[PDB]
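Presented below is the structure to which this report refers.
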Amino acid sequence: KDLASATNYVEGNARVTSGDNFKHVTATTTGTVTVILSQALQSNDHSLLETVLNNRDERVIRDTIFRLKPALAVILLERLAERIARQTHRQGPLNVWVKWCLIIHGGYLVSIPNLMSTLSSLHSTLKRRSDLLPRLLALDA
Amino acid sequence: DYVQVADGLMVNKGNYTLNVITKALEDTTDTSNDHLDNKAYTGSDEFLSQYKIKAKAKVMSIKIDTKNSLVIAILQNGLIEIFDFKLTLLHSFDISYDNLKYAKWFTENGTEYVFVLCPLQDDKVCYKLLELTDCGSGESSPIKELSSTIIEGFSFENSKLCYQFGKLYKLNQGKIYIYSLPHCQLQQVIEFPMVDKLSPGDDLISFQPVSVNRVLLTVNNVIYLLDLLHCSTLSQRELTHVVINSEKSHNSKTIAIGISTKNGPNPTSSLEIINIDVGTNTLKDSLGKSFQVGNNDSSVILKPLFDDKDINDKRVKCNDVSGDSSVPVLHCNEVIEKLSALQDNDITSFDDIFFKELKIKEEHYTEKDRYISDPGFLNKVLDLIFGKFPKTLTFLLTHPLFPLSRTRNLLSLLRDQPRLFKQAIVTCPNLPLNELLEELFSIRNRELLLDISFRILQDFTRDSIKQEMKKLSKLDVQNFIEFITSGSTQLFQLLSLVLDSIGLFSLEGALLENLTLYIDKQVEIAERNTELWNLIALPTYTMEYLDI
Amino acid sequence: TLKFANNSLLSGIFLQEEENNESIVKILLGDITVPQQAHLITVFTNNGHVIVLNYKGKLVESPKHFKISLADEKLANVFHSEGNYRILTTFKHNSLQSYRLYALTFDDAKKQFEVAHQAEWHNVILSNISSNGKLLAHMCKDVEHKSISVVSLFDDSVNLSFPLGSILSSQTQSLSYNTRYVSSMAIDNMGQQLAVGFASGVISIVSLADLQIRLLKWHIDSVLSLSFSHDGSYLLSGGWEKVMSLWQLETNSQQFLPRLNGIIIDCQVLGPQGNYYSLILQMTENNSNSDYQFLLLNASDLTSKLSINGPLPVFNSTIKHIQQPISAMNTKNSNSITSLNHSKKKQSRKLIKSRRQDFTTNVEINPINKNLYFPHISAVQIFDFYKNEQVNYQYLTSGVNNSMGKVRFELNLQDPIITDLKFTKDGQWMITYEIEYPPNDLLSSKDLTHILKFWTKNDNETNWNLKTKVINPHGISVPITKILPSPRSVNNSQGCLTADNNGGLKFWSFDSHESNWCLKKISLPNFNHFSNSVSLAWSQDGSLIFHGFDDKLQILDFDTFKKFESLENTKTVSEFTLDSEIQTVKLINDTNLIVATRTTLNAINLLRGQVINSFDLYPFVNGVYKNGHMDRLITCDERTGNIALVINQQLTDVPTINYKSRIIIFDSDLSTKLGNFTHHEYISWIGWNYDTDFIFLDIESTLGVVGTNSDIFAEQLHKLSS
Amino acid sequence: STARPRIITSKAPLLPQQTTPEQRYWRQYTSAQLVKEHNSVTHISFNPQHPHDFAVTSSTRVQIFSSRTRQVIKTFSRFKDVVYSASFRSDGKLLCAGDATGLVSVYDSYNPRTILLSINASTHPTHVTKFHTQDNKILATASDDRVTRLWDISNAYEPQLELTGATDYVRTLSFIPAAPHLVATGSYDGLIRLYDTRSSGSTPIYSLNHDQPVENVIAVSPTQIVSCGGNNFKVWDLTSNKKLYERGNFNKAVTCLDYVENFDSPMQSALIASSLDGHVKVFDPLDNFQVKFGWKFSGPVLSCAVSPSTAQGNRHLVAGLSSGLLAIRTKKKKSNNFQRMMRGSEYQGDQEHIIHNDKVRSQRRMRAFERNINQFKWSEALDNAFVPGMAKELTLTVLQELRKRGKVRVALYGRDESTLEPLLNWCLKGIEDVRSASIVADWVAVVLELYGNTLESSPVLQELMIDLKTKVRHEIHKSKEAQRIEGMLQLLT
RNA sequence: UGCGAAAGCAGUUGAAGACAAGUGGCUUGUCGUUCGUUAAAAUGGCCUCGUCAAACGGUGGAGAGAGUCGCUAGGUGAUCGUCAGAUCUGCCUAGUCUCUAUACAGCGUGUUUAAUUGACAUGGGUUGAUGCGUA
């Protein structure tokens with residue numbers, strides 16, 4: 001090609017990222033589903049993770065996360081964050097799970113030393129969901 | 001150039017050992033050791049020893065005795081080893097070697113015939129160097145470095161008995177001519193205030209620096225370029241900096257002339273014969289952040305005033321960018337004389353202080369930028385008005401409008417005049433957030449709440465607000481929530497800050513439901529006026545009329 | 001390269017600190033002194049000097065120069081034919097010039113050229129001369145409107161004239177003024193036809209014997225350049241689209257050449273058979289300077305044989321009687337048909353009266369191969385200064401920068417601005433920051449995008465590859481005031497530190513595991529005040545960072561990335577409130593650091609933790625630079641000092657359009673002014689190349705530097721076989 | 001002059017859980033085959049040499065499948081009890097099978113009728129039989145006799161070495177892949193013993209205490225070996241006798257392992273693990289045995305294998321389940337007068353001094369929207385956006401190119417009811433996504449700015465505007481509640 | 001236009017002269033005219049140099065598509081009916097369940113961290129659109 005011809009712009013396979021991925025630093029309760037959820041999260045079992053969080057009764061979700069062990073509430077929250085990042089219609093039903101994980105395990109993940117670095121994907125997903133709120137405010141006006 | 005300053009034989013062991021340091025003793029028989037226990041046998045003692053070392057075995061120990069030779073000891077087992085005399089004059093500073101690293105038959109008198117670490121192994125006779133008063137051993141390629149008071153430097157390597165280099169080094173009577181921490185240099189201290197680093201591979205000075213103050217017992221630490229130094233008639237062992245993977249914190253070197261300062265670690269209490277107390281407990285020299293602490297060996301501050309670019313035909317200055325003036329006529333002598341003109345009998349009046357300051361600095365009396373000023377000068381005139389004399393109407397108005405006020409601002413709540421207090425809220429450019437939060441939560445329910453929330457938001461980071469607004473009671477925050485719900489943007493985000501910083505669980509319910517209802521209607525009105533701001537052909541048959 | 005300032009032979013013609021209207025106006029290939037014998041050129045300047053210069057071998061140390069006996073006239077051009085020589089001259093009502101043609105002779109006394117005065121034209125609007133130089137056309141403005149007159153100059157072969165209302169259509173008199181404004185004209189080597197290019201976009205070939213016109217409509221914006229071929233059967237045209245068209249005048253058939261990195265402001269055929277086209281490309285994405293690229297190209301395959309260009313910086317403001325060229329609408333890249341006179345009056349008044357006379361730019365030096373990288377608008381010119389020719393040119397944003405010649409409305413769109421770029425200290429990566437601007441009159445027209453890109457090349461290839469980009473670093477709509485590359489001790493010189501106007505900092509670093517440049521460290525404060533008076537510095541050890549926000553120089557560490565702390569409180573002063581917002585925090589070496597703010601210039605030691613020196617800047621640099629440009633005005637070294645740099649706009653007996661530069665150096669914490677230099681022109685950027693020199697960029701872009709039998713048979717055979 | 005820059009497809013910031021190269025490679029193992037066996041598939045080995053066939057050990061038969069048709073080419077049915085192990089020799093020439101009566105029978109592969117020799121091992125069931133990987137003529141059989149045996153296949157009467165020492169149920173052998181004197185055996189008491197065969201052999205030289213009862217031990221390097229048993233697997237440096245990784249990413253016991261090297265893959269090595277709960281997972285030995293991909297199967301997976309390192313054809317992952325069936329997932333791969341007339345067209349300049357090359361490279365074909373943006377047909381480019389078969393990022397990038405490049409209004413000028421309905425009917429779908437909704441916002445804003453009268457006239461885009469209103473209402477409830485979650489974890493810092 | 005932060009905050013928009021049109025003046029409008037102020041349109045759009053097919057390597061994906069009326073949560077309709085509720089085995093959406101050449105998109109394989117080969121005489125001539133129906 002010519003020597004005076006400028007180089008065109010080409011991204012190629014450059015990784016486009018945002019500025020918000022901080023990935024670097026007797027019974028009497030119900031019949032819940034938390035053994036299913038716990039041995040979904042001990043492995044990486046997307047299939048039975050989907051069969052445990054297609055349950056959407058609020059008291060079942062509530063005491064399920066209450067009976068959950070708090071050392072893996074952070075990875076339940078990571079799985080929920082990645083699923084609502086990918087599928088956008090899940091944000092309605094699945095963020096009921098993410099608000100209950102914060103309310104119940106409000107001590108474990110305030111005692112964790114790097115909250116944003118450990119659940120970066122939630123922060124990036126909610127930042128990109130709520131960043132454009134003035135724009136669709138102007139749109140619906 | 002100092003370090004963290006406090007604390008007013010096998011050379012690589014520590015504690016949990018028995019005695020890896022057996023050393024000689026002043027005004028005693030020969031030598032001793034202690035524990036935190038190994039036996040103290042004899043290395044053919046009772047001579048004129050001045051130091052004592054071992055072969056890094058502690059049961060092949062010795063007494064380095066001034067008799068031209070040395071033998072072995074049995075400090076653990078009971079079985080001695082044989083020896084062989086070389087000289088008979090002074091071997092008081094004998095240092096037995098490792099498995100063929102650095103050894104020669106140099107006693108005291110220029111007879112450095114090379115040998116090995118054995119009782120009968122020999123080498124060449126490398127006694128060629130002159131009468132050396134400072135002979136040390138380093139590990140460049142294990143080498144005897146001689147500094148001679150016939151003055152001349154030489155460096156022989158006891159790896160093939162090869163004289164590596166040598167020159168004419170005019171070294172006088174020294175204090176400590178100790179080899180460097182990486183061994184590449186020679187730190188030789190002059191008597192009172194100086195320590196020069198010379199190149200110990202070519203026998204030449206590389207950096208001849210002065211030191212801070214009096215120091216006598218100086219030696220290089222196990223550091224990059226740092227030394228330790230104890231005072232002569234002082235127990236003060238300070239540190240200075242002119243091993244690099246995971247460095248030392250204690251048990252670095254034992255050469256000191258304090259009150260029996262043997263076996264000097266960081267916690268240097270349990271000595272080898274002395275049984276003394278301990279001191280500082282820091283590590284060696286770091287890269288560059290500890291020299292902001294140890295900012296010593298320079299204390300020569302003067303009164304720095306603003307100079308000017310030198311007038312070499314400055315009359316062709318070509319359209320100066322000021323309003324009307326060209327250069328302020330600087331009067332630092334009148335700046336100093338204004339102190340004498342102010343510290344007078346105007347003990348309640350603004351006739352001989354405020355007029356004096358506004359005559360020395362001809363400004364609009366609330367404005368900067370006609371500067372020529374010093375922070376020590378402003379601090380001393382602020383001290384002279386904080387003395388026998390806030391009733392001046394020009395001086396203490398034009399100098400909270402100065403970015404160098406230096407922390408005499410704490411009584412700004414403790415004096416309460418309205419216009420001077422609001423001016424010290426808005427314009428005083430260094431304010432303590434403790435007093436700012438106290439003034440914020442000592443509410444007088446006025447617009448100065450907005451004026452104090454403004455500054456507490458616009459000069460402190462949010463987490464530094466949160467950690468120091470944890471330091472509040474609960475009646476303050478309950479009345480704060482009550483006053484917000486009663487009766488704006490910066491106080492909304494301040495309300496966000498108080499909710500983030502009160503904590504998680506320990507709350508009440510009625511205040512929470514009141515705040516919930518209030519902010520629900522607040523989001524509703526914010527949504528509707530955001531909507532308001534974002535809100536700012538022919539038929540087939542007609543019938544009409546025309547003029548008649 | 002015949003350097004003018006190399007010798008007093010013709011630097012005595014111009015070395016002035018005030019007068020650069022002495023310009024070089026024509027070059028001729030022969031020797032006007034002695035005929036019939038050529039390897040040397042005779043240059044006519046715009047004042048009246050005629051220098052004869054040998055460009056084969058070494059330049060002679062006394063050229064054959066003369067000075068023609070001239071009136072107040074100022075030398076439009078000269079003209080050559082067989083044997084004879086003409087010259088044309090300009091004059092002193094309505095602001096129009098006036099032209100006057102002379103003929104030359106030389107022979108009797110070999111110092112003077114005698115002149116003859118053929119004729120005059122008492123008001124000239126526009127002019128052109130044919131390719132052979134045998135005839136010339138021009139416009140008149142003689143009343144209801146203008147007029148058009150063609151005249152052969154080397155003979156009275158033809159001279160005709162007519163009012164151009166007989167050229168113009170009947171539609172144009174009820175249309176806009178662009179339809180009757182004429183911005184170009186050309187004649188062929190016979191004077192049979194003439195091309196009138198109008199500002200509306202059309203061209204019209206009139207046939208001069210009978211004044212019948214033919215319209216050629218392709219240019220959708222104004223026609224800026226026209227030329228004929230030698231036989232007259234092809235018309236080259238160029239305009240605001242960056243497309244050179246050539247019209248086959250038999251069938252009216254265009255051949256195009258579409259993406260020519262600049263608008264064609266002049267085009268002409270060049271060879272005897274017409275095998276080259278020479279073009280001038282105006283490159284009008286930056287409005288602050290008129291930077292022309294000279295590009296001939298062989299006519300065979302239309303490939304750019306020998307493109308020529310100077311350095312292309314973009315200054316912060318317009319420079320010196322710079323007028324962006326004519327067009328159809330008044331845009332942000334051009335100006336309409338009305339506003340040229342008002343725009344030049346306003347620009348002269350802005351340079352006279354106003355206060356923010358800062359036109360300073362950022363230039364970077366690639367620390368591997370020592371060539372300097374002028375970031376143009378949405379592109380970079382990589383340019384090496386040991387031969388002063390461009391290495392290449394590369395588009396670094398995603399605009400409509402290259403794909404399209406924008407026209408009348410579309411010139412109100414701007415491609416994203418590259419505002420920062422810095423190399424990592426081993427020259428392996430290039431960090432760049434750009435502001436992507438939205439088009440107007442839609443919902444998202446008032447929120448910018450901020451994009452930080454990371455580029456890589458090996459040491460052979462001339463162009464960089466994007467490895468990653470982060471859109472909105474630091475958050476949405478927030479700028480980057482300063483990026484700082486990192487020293488060789490953090491991630492082997494593969495980290496960058498970006499600063500907000502909130503005082504937030506982000507440390508980005510490239511790790512090989514996840515093979516990308518990712519976000520490592522973060523310190524965000526959430527204030528409610530913003531200021532772009534942000535500066536940054538790093539310790540060479542890689543331990544502590546000096547974050548010079550406005551009025552406040554915070555001291556952060558690197559391990560926990562918060563403000564510096566020692567629990568012993570050994571007067572741990574970790575903030576330095578100064579009298580004004582600080583714009584340089586340049587640390588010369590690990591002992592001390594020079595702060596520069598808009599009143600004073602302080603220096604602060606850290607092995608002796610207090611102020612050591614101070615200087616007065618307010619009488620020199622008061623409110624004249626934008627806050628954040630003292631960092632490009634002053635610089636440093638790594639051993640041997642620091643360089644301040646001030647500017648004096650000169651004065652009459654009010655300020656003027658003339659400038660002088662006062663650069664000063666200091667060694668070792670502001671001790672001695674051991675360099676006090678004065679340069680004859682405004683200075684825009686200074687920076688230290690990595691081998692103890694400092695390069696600076698003049699406002700007219702001269703880079704300067706502050707440093708430390710058989711013999712006769714052989715001769716006759718090389719004659720007779722060449 | 002340059003060439004024209006291509007229209008760059010709008011890529012947003014990347015979302016979490018992107019497609020890694022490892023999981024793209026391991027996800028193109030597809031077209032699963034399910035073959036119902038008579039009983040649980042206990043072992044599966046591959047042919048080493050032409051690595052293109054594999055033997056599946058069901059109950060009382062061993063079937064060799066081909067790696068190109070996936071049908072049973074050959075089968076071995078003349079066992080008396082349940083056949084347990086079946087492996088090929090390192091030359092791939094013959095096949096050993098341990099049987100529940102303690103009768104090792106070795107046939108030759110690809111000939112089920114010629115049983116070559118029947119070693120009568122212990123009276124207990126023989127559960128693992130494999131040849132040496134360096135040597136050819138020795139066969140190691142461990143049984144439920146708590147003693148393994150090395151047999152020379154010439155002298156098949158007494159075992160040439162008898163490796164005893166284990167307290168319970170030795171179920172696995174392994175050989176160390178550079179030292180051929182080194183046999184690592186693994187039993188149901190934990191305790192990977194390993195033996196130097198030049199010594200006595202009744203005592204291991206050392207023992208590695210996997211705490212769970214091991215199910216398999218394989219050798220990865222000449223130095224490190226991996227033992228699975230219980231819910232985890234551990235890796236052991238063998239020159240230093242010392243554990244260095246352990247991954248417990250399963251629910252139930254890891255039944256088997258195998259390992260791949262140097263094959264055509266982004267992963268330079270791969271250890272896959274099969275674990276009685278349905279899962280088979282692949283772990284990458286170069287970044288600290290991190291899991292990269294996995295398959296879930298319809299029952300507890302008892303054994304697994306992949307095609308060997310030199311497969312050169314159709315590549316296989318096979319997993320046999322305890323349910324009694326077998327799952328295969330593969331990745332696949334004019335006249336002499338006229339020629340004498342047109343001879344030279346394949347010469348390419350070998351003996352020729354100068355070789356000129358200016359044939360330009362043929363680039364990718366332009367799509368219709370890209371050539372219409374090139375031809376400045378901006379309304380036609382919008383029309384080419386809203387065809388049905390267009391990718392969502394392609395509609396987004398032509399909207400963004402018309403937004404940045406020229407004029408939304410130019411692209412929308414000559415429209416009416418029938419030619420706006422594609423745009424708004426796509427804007428319904430694009431208003432949900434984050435990456436599109438800014439562009440959807442300003443395009444809808446411009447079209448209602450300049451078609452507010454067609455709003456009045458046509459009722460059949462009024463309803464489209466109402467549906468768009470309820471869409472933005474749902475999305476604004478979502479973008480508000482996301483800010484509420486953002487605050488409610490900002491509280492927890 | 002100035003100060004600014006990317007928000008915003010203060011300032012506006014005169015005079016002379018000439019010309020054109022309309023009805024020597026009067027009105028209106030222009031200016032390749034000057035002084036002062038910090039101050040939309042002339043049917044008129046971007047070149048050839050070789051395409052097609054099949055791979056391969058990284059990069060993104062809202063995945064490209066097809067089912068099961070299988071589950072979870074919903075939004076809603078026709079007719080009758082007092083409601084209760086009936087039939088339409090009511091419809092639509094999202095998630096889940098199942099499957100495919102990851103079907104989708106993009107950059108590259110001339111040297112690159114990586115990754116490419118093959119077809120074709122890259123012409124001329126005659127019909128080819130009024131010859132066509134599966135709608």
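Ligands are numbered from 1 in the order shown, residues from 1 within each chain, and chains are lettered A, B, ... in the order they appear in the structure tokens.
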For the contact check between chain B and chain C, emit one row per residue of chain B within 7 Å, containing the shortest atom pair and the distance in Å rounded to one decimal, counting only C-alpha atoms, chain then rising number order, as a Markdown table.
```
| residue | atom | partner | partner_atom | distance |
| --- | --- | --- | --- | --- |
| B:1 | CA | C:607 | CA | 5.9 |
| B:287 | CA | C:541 | CA | 6.3 |
| B:288 | CA | C:541 | CA | 6.3 |
| B:289 | CA | C:543 | CA | 6.4 |
| B:291 | CA | C:607 | CA | 6.1 |
| B:292 | CA | C:606 | CA | 5.7 |
| B:293 | CA | C:570 | CA | 5.5 |
| B:295 | CA | C:607 | CA | 4.4 |
| B:296 | CA | C:608 | CA | 6.6 |
| B:298 | CA | C:608 | CA | 6.0 |
| B:304 | CA | C:613 | CA | 6.5 |
| B:305 | CA | C:614 | CA | 6.9 |
| B:306 | CA | C:615 | CA | 5.1 |
| B:307 | CA | C:615 | CA | 5.0 |
| B:308 | CA | C:616 | CA | 5.4 |
| B:317 | CA | C:648 | CA | 6.9 |
| B:318 | CA | C:650 | CA | 4.5 |
| B:319 | CA | C:651 | CA | 5.9 |
| B:320 | CA | C:619 | CA | 6.4 |
| B:321 | CA | C:622 | CA | 6.2 |
| B:322 | CA | C:619 | CA | 6.4 |
| B:326 | CA | C:619 | CA | 6.8 |
| B:327 | CA | C:619 | CA | 6.8 |
| B:403 | CA | C:579 | CA | 5.4 |
| B:457 | CA | C:527 | CA | 6.0 |
| B:458 | CA | C:527 | CA | 5.0 |
| B:459 | CA | C:527 | CA | 6.8 |
| B:461 | CA | C:525 | CA | 4.8 |
| B:462 | CA | C:526 | CA | 5.9 |
```
Suppose we keep N, CA, C and O atoms; can you now write the selection as a short mmCIF file (atom, residue, chain, number, x, y, z; two decimals), in the first residue's frame?
```
data_model
loop_
_atom_site.label_atom_id
_atom_site.label_comp_id
_atom_site.auth_asym_id
_atom_site.auth_seq_id
_atom_site.Cartn_x
_atom_site.Cartn_y
_atom_site.Cartn_z
N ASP B 1 19.02 11.82 56.14
CA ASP B 1 19.38 10.55 55.53
C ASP B 1 19.40 9.43 56.56
O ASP B 1 20.06 8.42 56.37
N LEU B 287 13.26 0.96 50.52
CA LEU B 287 13.64 1.63 49.28
C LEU B 287 13.68 3.15 49.43
O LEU B 287 14.75 3.76 49.41
N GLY B 288 12.52 3.79 49.61
CA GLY B 288 12.52 5.24 49.65
C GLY B 288 11.46 5.93 50.49
O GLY B 288 11.36 7.15 50.47
N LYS B 289 10.67 5.16 51.23
CA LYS B 289 9.60 5.75 52.02
C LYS B 289 9.99 5.96 53.48
O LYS B 289 9.31 6.73 54.18
N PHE B 291 12.95 7.24 54.29
CA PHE B 291 13.75 8.45 54.31
C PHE B 291 12.91 9.71 54.43
O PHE B 291 13.47 10.80 54.59
N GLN B 292 11.59 9.60 54.36
CA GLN B 292 10.74 10.71 54.77
C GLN B 292 10.61 10.77 56.28
O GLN B 292 10.31 11.84 56.82
N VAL B 293 10.82 9.64 56.95
CA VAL B 293 10.91 9.63 58.41
C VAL B 293 12.28 10.09 58.86
O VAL B 293 12.43 11.12 59.54
N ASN B 295 14.65 12.02 58.10
CA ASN B 295 15.05 13.17 57.28
C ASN B 295 16.10 14.02 58.01
O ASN B 295 15.93 15.21 58.25
N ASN B 296 17.21 13.37 58.35
CA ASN B 296 18.26 13.97 59.16
C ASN B 296 19.49 14.26 58.31
O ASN B 296 19.44 14.18 57.07
N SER B 298 20.66 17.13 57.79
CA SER B 298 20.48 18.44 57.17
C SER B 298 19.45 19.19 57.99
O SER B 298 18.29 18.76 58.08
N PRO B 304 12.77 31.43 53.62
CA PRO B 304 12.71 31.44 52.15
C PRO B 304 11.62 32.36 51.63
O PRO B 304 10.43 32.08 51.77
N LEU B 305 12.03 33.46 51.01
CA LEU B 305 11.12 34.38 50.36
C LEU B 305 11.19 34.19 48.85
O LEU B 305 12.15 33.64 48.32
N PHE B 306 10.15 34.66 48.17
CA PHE B 306 10.05 34.50 46.72
C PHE B 306 11.05 35.42 46.02
O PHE B 306 10.97 36.65 46.16
N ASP B 307 11.97 34.83 45.27
CA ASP B 307 12.95 35.60 44.51
C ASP B 307 12.33 36.03 43.18
O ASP B 307 11.12 35.94 42.97
N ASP B 308 13.16 36.52 42.26
CA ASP B 308 12.69 36.94 40.95
C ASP B 308 13.73 36.58 39.90
O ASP B 308 14.92 36.49 40.20
N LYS B 317 10.58 44.20 28.84
CA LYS B 317 9.80 43.07 29.35
C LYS B 317 8.61 42.68 28.48
O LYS B 317 8.06 41.60 28.69
N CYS B 318 8.21 43.53 27.52
CA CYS B 318 7.31 43.19 26.42
C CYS B 318 5.93 42.77 26.93
O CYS B 318 5.60 41.59 27.00
N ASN B 319 5.18 43.78 27.38
CA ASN B 319 3.73 43.70 27.65
C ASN B 319 3.42 42.68 28.75
O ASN B 319 2.91 41.59 28.51
N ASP B 320 3.83 43.07 29.97
CA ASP B 320 3.56 42.29 31.17
C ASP B 320 2.06 42.04 31.36
O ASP B 320 1.22 42.87 31.01
N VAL B 321 1.74 40.88 31.92
CA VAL B 321 0.39 40.35 31.89
C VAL B 321 -0.37 40.66 33.18
O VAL B 321 -1.34 39.98 33.50
N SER B 322 0.05 41.67 33.93
CA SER B 322 -0.68 42.07 35.12
C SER B 322 -1.80 43.03 34.73
O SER B 322 -2.02 43.32 33.55
N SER B 326 3.64 46.13 37.65
CA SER B 326 4.64 45.30 36.98
C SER B 326 5.32 44.33 37.93
O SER B 326 5.44 43.14 37.62
N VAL B 327 5.77 44.80 39.09
CA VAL B 327 6.40 43.94 40.09
C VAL B 327 6.13 44.52 41.47
O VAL B 327 6.24 45.73 41.67
N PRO B 403 -3.53 30.62 52.23
CA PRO B 403 -3.41 29.17 52.29
C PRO B 403 -2.32 28.64 53.22
O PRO B 403 -2.01 27.45 53.15
N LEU B 457 -18.05 18.27 52.69
CA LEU B 457 -18.13 17.41 51.53
C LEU B 457 -17.03 17.71 50.52
O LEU B 457 -16.53 16.79 49.87
N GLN B 458 -16.63 18.97 50.38
CA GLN B 458 -15.78 19.34 49.26
C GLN B 458 -14.30 19.44 49.63
O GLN B 458 -13.50 19.88 48.80
N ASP B 459 -13.88 19.00 50.82
CA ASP B 459 -12.44 18.82 50.95
C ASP B 459 -11.98 17.55 51.66
O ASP B 459 -10.78 17.42 51.91
N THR B 461 -12.25 13.11 51.76
CA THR B 461 -12.68 11.89 51.08
C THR B 461 -13.76 11.21 51.90
O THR B 461 -13.79 11.33 53.12
N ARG B 462 -14.64 10.47 51.21
CA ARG B 462 -15.87 9.99 51.83
C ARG B 462 -15.60 8.98 52.94
O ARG B 462 -16.25 9.00 53.99
#
```
Using only C-alpha atoms (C1' of nucleotides), I'd like every residue of chain E that has an atom within 6 Å of chain C; please write them out as a ChimeraX atom specification. /E:5,33,44,46-47
Write out as CSV the residues of chain A that have any atom within 8 Å of an atom of chain D, one row each with the nearest atom pair and its distance in Å to one decimal, counting only C-alpha atoms, sorted by chain and then rising number.
```
residue,atom,partner,partner_atom,distance
A:1,CA,D:2,CA,7.7
A:2,CA,D:2,CA,7.2
A:4,CA,D:1,CA,7.1
A:5,CA,D:2,CA,4.7
A:6,CA,D:2,CA,6.6
A:8,CA,D:5,CA,5.7
A:9,CA,D:5,CA,7.0
A:10,CA,D:8,CA,7.3
A:11,CA,D:8,CA,7.5
A:15,CA,D:14,CA,7.4
A:16,CA,D:13,CA,4.8
A:17,CA,D:13,CA,4.1
A:18,CA,D:13,CA,5.1
A:39,CA,D:251,CA,6.6
A:42,CA,D:249,CA,6.6
A:43,CA,D:249,CA,4.9
A:44,CA,D:249,CA,7.6
A:82,CA,D:16,CA,5.7
A:85,CA,D:15,CA,6.5
A:86,CA,D:15,CA,7.0
A:88,CA,D:433,CA,6.9
A:91,CA,D:478,CA,7.7
A:92,CA,D:478,CA,7.4
A:99,CA,D:485,CA,7.0
A:102,CA,D:489,CA,7.3
A:106,CA,D:492,CA,7.4
A:109,CA,D:492,CA,7.5
A:110,CA,D:492,CA,5.5
A:115,CA,D:493,CA,6.8
A:121,CA,D:16,CA,6.5
A:123,CA,D:486,CA,7.3
A:126,CA,D:482,CA,5.4
A:127,CA,D:486,CA,7.5
A:128,CA,D:434,CA,7.1
A:129,CA,D:479,CA,5.6
A:130,CA,D:479,CA,4.7
A:131,CA,D:479,CA,7.9
A:132,CA,D:438,CA,7.5
A:133,CA,D:479,CA,5.7
A:135,CA,D:438,CA,6.8
A:136,CA,D:441,CA,6.7
A:137,CA,D:476,CA,7.3
A:139,CA,D:441,CA,5.8
A:140,CA,D:472,CA,6.3
```
Quick one: pull the distance between CA of residue 257 in chain B and CA of residue 52 in chain B, Å, one decimal.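 Here the two named atoms are 15.5 Å from each other.
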Counting only C-alpha atoms (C1' of nucleotides), what is within 9 Å of residue 190 in chain B, bar same-chain residues fewer than 2 positions away, as an MDAnalysis selection string? chainID B and resid 172:176 188 192:196 210
